[PDB]
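As a plain string of letters, each chain reads:
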Amino acid sequence: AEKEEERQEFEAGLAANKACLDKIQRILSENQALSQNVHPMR
Amino acid sequence: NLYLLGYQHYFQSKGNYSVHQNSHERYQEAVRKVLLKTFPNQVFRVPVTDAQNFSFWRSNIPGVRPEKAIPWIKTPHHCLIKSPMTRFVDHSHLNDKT
Amino acid sequence: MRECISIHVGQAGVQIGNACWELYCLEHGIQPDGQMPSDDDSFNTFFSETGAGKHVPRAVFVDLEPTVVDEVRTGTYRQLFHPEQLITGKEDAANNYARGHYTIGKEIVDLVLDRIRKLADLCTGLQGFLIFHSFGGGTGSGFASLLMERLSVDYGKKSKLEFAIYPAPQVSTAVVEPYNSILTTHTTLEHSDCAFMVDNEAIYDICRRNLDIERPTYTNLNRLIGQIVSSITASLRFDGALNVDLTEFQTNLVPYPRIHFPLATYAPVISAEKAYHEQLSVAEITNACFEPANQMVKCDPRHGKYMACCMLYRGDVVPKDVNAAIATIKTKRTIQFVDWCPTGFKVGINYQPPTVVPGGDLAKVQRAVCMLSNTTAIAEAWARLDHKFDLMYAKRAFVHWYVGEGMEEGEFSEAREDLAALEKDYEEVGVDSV
Amino acid sequence: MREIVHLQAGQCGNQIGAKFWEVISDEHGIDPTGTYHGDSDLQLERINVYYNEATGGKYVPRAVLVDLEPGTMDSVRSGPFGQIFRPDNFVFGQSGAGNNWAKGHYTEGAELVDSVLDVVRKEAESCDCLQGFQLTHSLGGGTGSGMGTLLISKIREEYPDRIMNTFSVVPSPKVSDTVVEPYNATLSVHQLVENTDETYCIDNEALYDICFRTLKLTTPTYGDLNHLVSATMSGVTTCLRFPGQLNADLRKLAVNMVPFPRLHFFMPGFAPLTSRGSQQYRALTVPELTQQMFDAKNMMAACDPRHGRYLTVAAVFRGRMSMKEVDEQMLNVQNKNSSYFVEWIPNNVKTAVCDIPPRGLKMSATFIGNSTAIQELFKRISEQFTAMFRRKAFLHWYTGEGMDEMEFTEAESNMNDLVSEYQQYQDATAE
Amino acid sequence: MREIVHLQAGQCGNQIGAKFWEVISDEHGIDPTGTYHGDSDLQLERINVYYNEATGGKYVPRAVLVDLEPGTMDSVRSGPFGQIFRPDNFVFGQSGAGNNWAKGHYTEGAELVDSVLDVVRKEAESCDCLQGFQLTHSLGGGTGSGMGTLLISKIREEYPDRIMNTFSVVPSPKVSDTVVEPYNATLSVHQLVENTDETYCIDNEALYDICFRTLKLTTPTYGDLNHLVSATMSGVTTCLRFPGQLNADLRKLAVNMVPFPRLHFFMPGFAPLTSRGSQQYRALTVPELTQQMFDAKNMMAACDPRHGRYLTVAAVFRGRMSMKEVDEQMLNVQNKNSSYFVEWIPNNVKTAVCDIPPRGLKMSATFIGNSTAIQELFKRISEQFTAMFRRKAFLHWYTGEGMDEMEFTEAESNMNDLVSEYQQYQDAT
Ligand SMILES: Nc1nc2c(ncn2[C@@H]2O[C@H](COP(=O)(O)OP(=O)(O)OP(=O)(O)O)[C@@H](O)[C@H]2O)c(=O)[nH]1
Ligand SMILES: Nc1nc2c(ncn2[C@@H]2O[C@H](COP(=O)(O)OP(=O)(O)O)[C@@H](O)[C@H]2O)c(=O)[nH]1
Ligand SMILES: Nc1nc2c(ncn2[C@@H]2O[C@H](COP(=O)(O)OP(=O)(O)O)[C@@H](O)[C@H]2O)c(=O)[nH]1
Ligand SMILES: [Mg+2]
């Protein structure tokens, strides 16, 4: 049972890494340099 | 990027909040007051702390024996029987010093 | 009727007492809430009946750091323990005997005294005070010393057994441990009746070699200490052919009032696969109790000579096999005895075999034995501690702390000379008049 | 109970603690607005160590942020956890120091030392049993190196028994941004030796070395650097907030780290730092933590400890480890290296265990060690301070502040006397 | 338990190890990801010898791949079994030595040795009971011939008791691609005699002949050359990694192989080398294996043993087999070729048995031998080294590195002293 639990923890770590890579892809697709303020004549 | 290792919240990965409304002073008063409905085993599936893994095996339900739960704690019980005169003197010296 | 009060001090005291009380509830059948609704006496030496039929342990868990006690108050046995018994401080000594003895302990001495007074009032004829602590921690050293000093004058006659973590010779959880260990030996010298020094390194070696646990925690040690104390108290809690109380193994273990340091040894301690292929017998366990590998303290009795040896046989033991094994041990030049003790074995016998706790490591076994040997080979441990403490104190390291807390510097040399005199007394005992 | 008031000094101090407080609120499951959404009853069991209670299930900072310039603090109260602090604990003046230690210590500091003394007294009396304070600051500025010294000296008189930590940022010679640096540093360590229970020497160039090599980060900002010192000083009080098999606190290490009152400077280091090419090829274990830690490349100070002797060594481990493997390694490093450990102190190592693992990780360790290599920093600073002072360069800025000249002379002298006696403890016969 | 750390230096070293690390991964059922996919239990019982445990059922080689030029490591990383090696074990400088032994040994090597020493100490300490180290390099290069001698020199001082094997590559006189080859060769063998437990002389010319006539390959590349050497290097330690009827290991042979410390050069051979036409006409028997061993044509060294005397002979056989022929095959070859064996040592043959056969084959065998004809190559190098050194040609390159010129004379004197006493053991009564 102990080794089964450790194996499932390892799988959970893999899943978390996959999810963070996918959201890295999404924020790669996003594009902005606004910094909450464009120059006042733009 | 120091920790883009998977976050893996420990306690989230593995009741009394309703009692004390997530208030520290209420929880301190409670733990001084017992009044905790739930237990380490009763919440957490894997033992977190040292004395939690110490006391992970048990049941809170009053009508349980680990004896019937798993049969190897079955041990012949050669217990002394305190004789009636022995109890007489015991309780007697307890309540009356003479 | 016969009663023992637990006075556990420190983090070590609380964890060890938790182990002991878990095991005690397991054998006596008391539920975690504190009931035994199986539907006598026995538990009466440890538990105490309440008005509504609940059983209360006779223990005063004390600590100067809160979290150790709050874990117990939120554990499983929260309802089992009466909340006033568990006594906590707001700051610890932080490995500092001076803080534990002079600045912090005196605040809580009165409260713990009142609590033990209540427990002793509840008892009617009290047998013993089992007091558990560690020589390393500041609380479990200094506050333990002060409670010994006051307890000796409060209850002048009563027997005060002392189980104490002695600092390991090689591994250490502290750097300032030797000063506290030296300064506590004065109080354990003049205010104790028996001592049971326990070494973590030796328990590590025993558990790794025998129990096949390549990676243990403190709980694995705690189960073994609980088994030791349960073996001690089994003659008092369960029916036996030769019952042995606290006073008898107190009397037939101490040759001189300055020598109250015997060594415990438990046998058999083997895993269940290790037991599946072993026949277990009285001769086997009593020969395992003499091996230097199974010695619970990092000392070698073949370098010294036994003056006393108390046996506690338990289970389906037969005194025929007990006496045959004793004769086999005696007919051996392998075991030296001093010239002034031709007879040195103290047999006690109990019927009920030791119980086994799931989550433990020991296997269920029909028979077992405990050994309490007072031998003179233990002098070398204080000799190593003397060397370390002297080469500590030569450059006056860490002394400014204790001085600022408020203990005068001459007491360091005083305690050093005292334990040197104790060592010389051990040498005089080891001398034979042949 | 056991409370900490987090004192904050300078742009270094504000940015360091803001990352630090970001870490701890995540350690205790606190949102940027202030409540507790977590499911860990033990996260709330000891939350009063750092936070104070507020109405509506809110928990507030027990911090006092200090600066001499208005620009830094809006950066704090606009960031990831800006709104969690409260505007009253924000204390700061109208005029900066210009990296001038004298201005923040004598001329401009005196107008503001009152108000910060007011607020810290209220955070002190708010708690029942305050364990002690804590400051993060830099020895390279004008306020943290300056005002920061003036703050400590007063509250030492006010609260003598309470412990006092300081994560002082010491300047680097290889990378320095300030011409007037040596004057501030020499005039501050003289204040540190007299009035401080505990100091950790953090050097920025070492953090730049650790990120380039072990981390292989392409473009490190100061935010990565701030995260390092936060995880270190999370690992010092971790045993204080959570239970463990063998507990400790700051005072447990403090008595165990100071053989003599003149020596309270230590070399923090972190165990589990690996690059992203190293994560796949690893197997976390107690030895691998000790291998990564004892490597002198890993240390966050600015000196190699093979040139000196280890006086005392601490290792605060965090997670779930078997203790036989813990103590056997600490004995093992003492036996093998028979030249880097002092002989008059056998069993040089203090070890503590906290059960709760670090945030985002399964195993970790933190290290505090006293070596003789710390004197390598000062004598190198004295190499520069004397070079400044023999020609009285940059002196009219400090002289015009109203101080005399002998204060410089006593500063180096006390600094010279420290390293002189420190050298003696390296070459000392035990027997 | 009994672990080995695979040292690796030079382009020859990097390519030979990558071929080697693939071969044992195929033996032990390790995928290019790094997990375990094999079937038998014995395929994963002693994996700790060459592989170190990593999380998630991951195994990583205990290798230290070193090269002074960064270009080779990309080829190592781009190979089929490239990603398995940990990046931190790759230690590399920015500038090479340019086939100069002096630049590798003194000027450029001194900057890189401590990094390799750090990784070597890191990997050696990880194993609790290390059997010894093992290095593959070439004597005709600049790094393996150069700083490769420097890393050997240090670790003997640091780790004296551990075994040190060198599957070193010796230059050929017939086929040479390096003008300054004797200069690096003469200044490397002097390093070997002082600090080396055993050496296996590898000559690339001999393998070229083997592929031409034995396997009859049309276009032999370096991979096939690497395949042969890797097969030999696997067969040395196969008895260590797997149980056998008559087990052995590195120290079993080395204690039994060499009678004096000055002679630690061997002559390694592999039995099952047959062309594809030869498979259809063959019967796989132990006598056929023994017949293919003792023939000098099968041999991968640059010498003919028929001109000298076999001092000691080791034969390590692999696979399920009945060992009655083995004792008599070595006995028969001892009596027949009596003149080729020295008389002061009867029972010259040492034999071991490993039960687990190689993958893709039923029977296999390896031969380690110390013979007197090994002096033929050293005296040949003396012909070329002295020819270049009399006129002081190509010397300013080494001279500009700060060394003196007495090192050349003492290196020449030492190997002359080596072959002289080696010649003496040939004519002994
Ligand atoms: N065998 C054993 N020893 C323990 C255990 N817990 C603590 N110790 C010992 O206790 C010593 C340190 O003292 P602690 O018990 O942790 O704390 P303390 O006695 O209250 O002293 P302070 O920390 O200063 O308050 C260490 O050297 C340990 O060897 C335990 O569970 N089992
Ligand atoms: N590592 C690190 N160092 C910083 C950071 N912010 C500032 N510093 C250092 O602080 C120094 C400037 O401090 P300064 O603002 O003048 O201090 P003050 O006068 O007390 O406000 C510079 O030398 C920086 O190296 C940071 O986020 N990380
Ligand atoms: N048998 C064999 N020889 C090789 C291989 N790669 C290189 N070599 C030989 O090694 C020599 C070049 O060595 P070099 O790369 O300069 O060694 P380095 O200076 O240590 O890197 C050439 O003469 C080749 O014949 C290989 O894969 N197999
Ligand atoms: Mg304590």
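About the criteria used
Residues numbered from 1 in each chain as written, not as in the entry; some residues may be left out. Chains lettered and ligands numbered in written order. Part of a larger assembly, values for the part shown. Heavy atoms only, no water. UniProt positions renumbered as here; feature names shortened; annotations may be inferred. Helix = DSSP H or I, 4+ residues; strand = E, 2+ residues; numbered from the N terminus. Contact = heavy atoms within 4.5 Å. Axes fitted to C-alpha atoms, helices over the stretch in contact; angles between N-to-C directions. Parallel < 35°, antiparallel > 145°, perpendicular 65-115°, else oblique. Pairing = 2+ DSSP bridges. Patch = residues over 30% accessible without salt bridge, like charges linked within 9 Å, V, L, I, M, F, W, Y side chains within 5 Å. Areas by Shrake-Rupley, 256 points an atom, 1.4 Å probe, with all protein chains shown as cover. Salt bridge = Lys/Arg side-chain N within 4 Å of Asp/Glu carboxyl O. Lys, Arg positive; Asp, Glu negative; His and termini not counted. Charge placed at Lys NZ, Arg CZ, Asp CG, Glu CD. Polar contact = N/O pair within 3.5 Å; in protein donor to acceptor, adjacent residues only side chain to side chain. Left-handed = near helix turned anticlockwise from the far one by under 90°. Buried area = accessible area lost by both parts, 1.4 Å probe. Nonpolar A, V, L, I, M, F, W, Y, C, P; charged D, E, K, R; others polar. Near = heavy atom within 4 Å. Expected span 1.5 Å × (residues − 1). Buried < 20%, exposed > 50% of the residue type's maximum accessible area, 1.4 Å probe, protein only. Core = buried A, V, L, I, M, F, W, Y, C linked by side-chain atoms within 4.5 Å. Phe/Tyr/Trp six-rings, centres within 6.5 Å; stacked < 30°, edge-to-face > 60°. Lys NZ or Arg CZ within 6 Å of the ring centre and 35° of its normal.

Header annotation of the entry names cryo-EM as the structure determination method and lists the resolution as 3.5 Å.

In the nomenclature of the PDB entry, chain B is known as Testis expressed 49 of Mus musculus. UniProt's Subunit comment on chain B is quoted here verbatim: "Microtubule inner protein component of sperm flagellar doublet microtubules."

Q: Residue-level account of the side chain of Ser188 of chain E, with values.
A: Inspection of the secondary structure assignment puts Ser188 of chain E in helix α6 (residues 181–194). Once you skip the residues sitting within four places of it in the chain, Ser188 of chain E turns out to touch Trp101, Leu139, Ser145 and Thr149 of chain E.

Q: Could you give an account of the packing of helix α7 (residues 204–213) of chain E against helix α8 (residues 222–241) of chain E, with specific residues and numbers?
A: Angle between the axes and distance between the axes are the two parameters that describe a pair of packed helices. Residue and element names in this part refer to chain E. At a minimum axis separation of 10 Å, α7 and α8 run at an interaxial angle of 100°. Classified by the angle their axes make, α7 and α8 are roughly perpendicular. On α8, the residues that touch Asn204, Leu207, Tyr208, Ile210 and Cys211 of α7 are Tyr222, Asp224, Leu225, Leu228 and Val229.

Q: Can you explain the sheet that holds strand β10 (residues 269–270) of chain D? Please cite residues and give values.
A: Strands belonging to one sheet form pairs held by backbone hydrogen bonds; the direction of such a pair is parallel or antiparallel. All names here are of chain D. Spatially, four strands are ordered β10-β13-β11-β12 in an open sheet, and the strand pairing comes out mixed. The sheet is open, and its two borders are formed by β10 and β12 (349–354), each paired with just one other strand. In this sheet, strand β13 (residues 363–371) lies alongside strand β11 (residues 310–319) in antiparallel orientation, the contact comprising nine bridges. When the bridges of β13 are listed, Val316 appears paired with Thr366.

Q: Give a detailed account of unusual backbone geometry, specifying residues and quantitative values.
A: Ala267 of chain C connects to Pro268 of chain C through a cis peptide bond whose omega is 0°. Structurally, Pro268 of chain C is set in the loop between β7 (263–267) and α10 (272–276).

Q: Lay out a negative patch on the surface with the relevant residues and their values.
A: A cluster of acidic residues, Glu408, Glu411, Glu414 and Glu417 of chain C, forms a negative patch on the protein surface. With respect to the helices and strands, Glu411 of chain C occurs in helix α15 (residues 410–430).

Q: An account of the side chain of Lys252 of chain D is needed here, citing residue identities and associated values.
A: With respect to the element layout, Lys252 of chain D can be found in helix α11 (residues 250–257). Within the structure, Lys252 of chain D has its side chain in polar contact with the side chain of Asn95 of chain C (distance 2.4 Å). Not counting residues within four places of it along the chain, the set of residues in contact with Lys252 of chain D comprises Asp92, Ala94 and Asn95 of chain C together with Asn247 of chain D.

Q: Explain the packing of helix α13 (residues 379–393) of chain C against α15 of chain C residue by residue, including any values.
A: Residues and elements named next belong to chain C. At a closest axis distance of 10 Å, the pairing of α13 and α15 adopts a crossing angle of 155°. With respect to α15, the axis of α13 lies roughly antiparallel. In this structure, α13 meets α15 at a crossing whose hand is left-handed. Residues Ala379, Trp382, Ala383, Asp386, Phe389, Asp390 and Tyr393 of α13 pack against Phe412, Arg416, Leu419, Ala420, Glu423, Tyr426 and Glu427 of α15.

Q: Can you lay out the pattern of salt bridges for me, pointing to particular residues and giving the numbers?
A: All names here are of chain C. What the rule picks out here adds up to 59 salt bridges over all chains. Across the pair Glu27 and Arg237 runs a salt bridge, and its minimum N-O distance is 3.3 Å. Each of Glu84, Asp114, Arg115, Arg117 and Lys118 takes part in salt bridges that share partners, so that together they form one network.

Q: I'd like a rundown of the interface of chain D and chain C, residues and numbers included.
A: Taken residue by residue, the interface counts 39 residues in chain D and 39 residues in chain C. Buried area between chain D and chain C, summed over both chains or domains, comes out near 3600 Å², and the portion from carbon and sulfur atoms is 57%. On the chain D side of the interface with chain C, the three residues burying the most area are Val255, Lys324 and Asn347 of chain D, jointly 17% of the side's total. Applying the counting rule to chain D against chain C returns four salt bridges. Measuring nitrogen to oxygen at the nearest pair gives 2.4 Å for the salt bridge that ties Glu91 of chain C to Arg251 of chain D. Taken together, the connections running from chain D to chain C amount to 16 residue pairs in polar contact. Breaking the side of chain D that touches chain C down by element, the ones donating at least two residues are α11, α13 (323–336) and β12 of chain D. Its residues placed into classes, the side of chain D that touches chain C shows 18 nonpolar, 11 polar and 10 charged.

Q: How would you explain the site of ligand 3 if you had to name every residue and give the values?
A: All names here are of chain E. Among the 16 residues in the neighbourhood of ligand 3, the closest are listed as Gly142, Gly144, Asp177, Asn204 and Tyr222. A distance of 2.6 Å is found between a nitrogen atom of ligand 3 and a side-chain nitrogen or oxygen belonging to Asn204. Calculation on ligand 3 without its partners gives an accessible area of 590 Å², and the protein chains cover 87% of this total. Of all the secondary structure elements, the ones that give two or more residues to the shell around ligand 3 are α1 (10–27), α5 (143–158) and α8. The greatest single-element share of the shell around ligand 3, amounting to four residues, is contributed by α1.

Q: Describe the interface of chain B and chain C, listing the residues and the values that go with them.
A: With 40 residues of chain B at the contact, the number on the chain C side is 39 residues. Approximately 3500 Å² of surface area, both sides summed, lies buried where chain B meets chain C, with 54% of it carried by carbon and sulfur atoms. In this assembly, chain B and chain C are joined by zero salt bridges. Of all the elements in the fold, those that place two or more residues in the side of chain B that touches chain C are α3 (24–32), α5 (50–54) and α7 (84–95) of chain B. For the side of chain B that touches chain C, the residue count by class is 22 nonpolar, 11 polar and seven charged.

Q: Give a description of α6 of chain E that names residues and reports values.
A: Residues and elements named next belong to chain E. For α6, which comprises 14 residues, the first-to-last C-alpha distance of 21 Å matches the rise-based estimate of 20 Å (1.5 Å per residue) to within 8%. Across the 14 residues that make up α6, a large majority, 12, are buried. Residues of α6 that are buried include every one of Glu181, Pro182, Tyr183, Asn184, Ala185, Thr186, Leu187, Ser188, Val189, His190, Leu192 and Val193, and no others.

Q: Give a detailed account of the nonpolar core, specifying residues and quantitative values.
A: By size, the foremost hydrophobic cluster in this structure holds 136 residues, and its most contacted members are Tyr179, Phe196, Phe249 and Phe412 of chain C. Those residues in contact with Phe196 of chain C, other than ones at most four positions away along the chain, are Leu161, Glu162, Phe163, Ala164, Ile232, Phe249, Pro262, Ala264 and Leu372 of chain C. Counting 50 residues, the second largest nonpolar core, distinct from the first, contains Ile4, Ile30, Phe90 and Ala248 of chain D.

Q: Please set out the packing of aromatic side chains residue by residue, giving values where relevant.
A: Scanning all chains against the criterion turns up 72 aromatic pairs over all chains. Arranged with centres 5.8 Å apart and planes meeting at 75°, the rings of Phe20 of chain D and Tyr50 of chain D form a pair that is edge-to-face. Of this pair, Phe20 of chain D sits in helix α1 (residues 10–27) while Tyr50 of chain D sits in the loop between α2 (41–44) and β2 (51–54); the two residues are 30 residues apart in sequence, bridging distant segments of the chain. According to the relative accessible area criterion, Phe20 of chain D is buried, its value standing at 1%. Counting every residue linked through ring pairs, the aromatic cluster contains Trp21, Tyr24, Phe46, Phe47, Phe61 and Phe81 of chain C. Positioned above the aromatic ring of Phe129 of chain C, the side-chain terminus of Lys158 of chain C is 5.6 Å from the ring centre. A cation sits over an aromatic face here: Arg223 of chain C above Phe54 of chain B, 3.8 Å from the ring centre.

Q: Tell me about the site of ligand 2, residues and numbers included.
A: Residue and element names in this part refer to chain D. Within the structure, ligand 2 sits among 15 residues, and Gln15, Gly142, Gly144, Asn204 and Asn226 are positioned closest to it. Between ligand 2 and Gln11, the relevant distance is 3.3 Å, taken from an oxygen atom to a main-chain nitrogen or oxygen of the residue. Interatomic distance of 2.9 Å between a backbone N/O atom of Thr143 and an oxygen atom of ligand 2. Listed by contribution, the elements that provide at least two residues to the shell around ligand 2 are α1, α6 (143–158) and α9 (222–234). Per element, the largest residue contribution to the shell around ligand 2 is four residues, and it comes from α1. Of the residues contributing to the shell around ligand 2, the split by class is three nonpolar, 10 polar and two charged.

Q: Describe the arrangement of the chains, with residues and values.
A: Here six pairs of chains are in contact, and chains C and D lead that list by number of contacts. Note that chain B does not reach chain E: the shortest distance linking a C-alpha of one to a C-alpha of the other is 14 Å. The two units chain C and chain E remain apart, with a minimum C-alpha distance of 15 Å.

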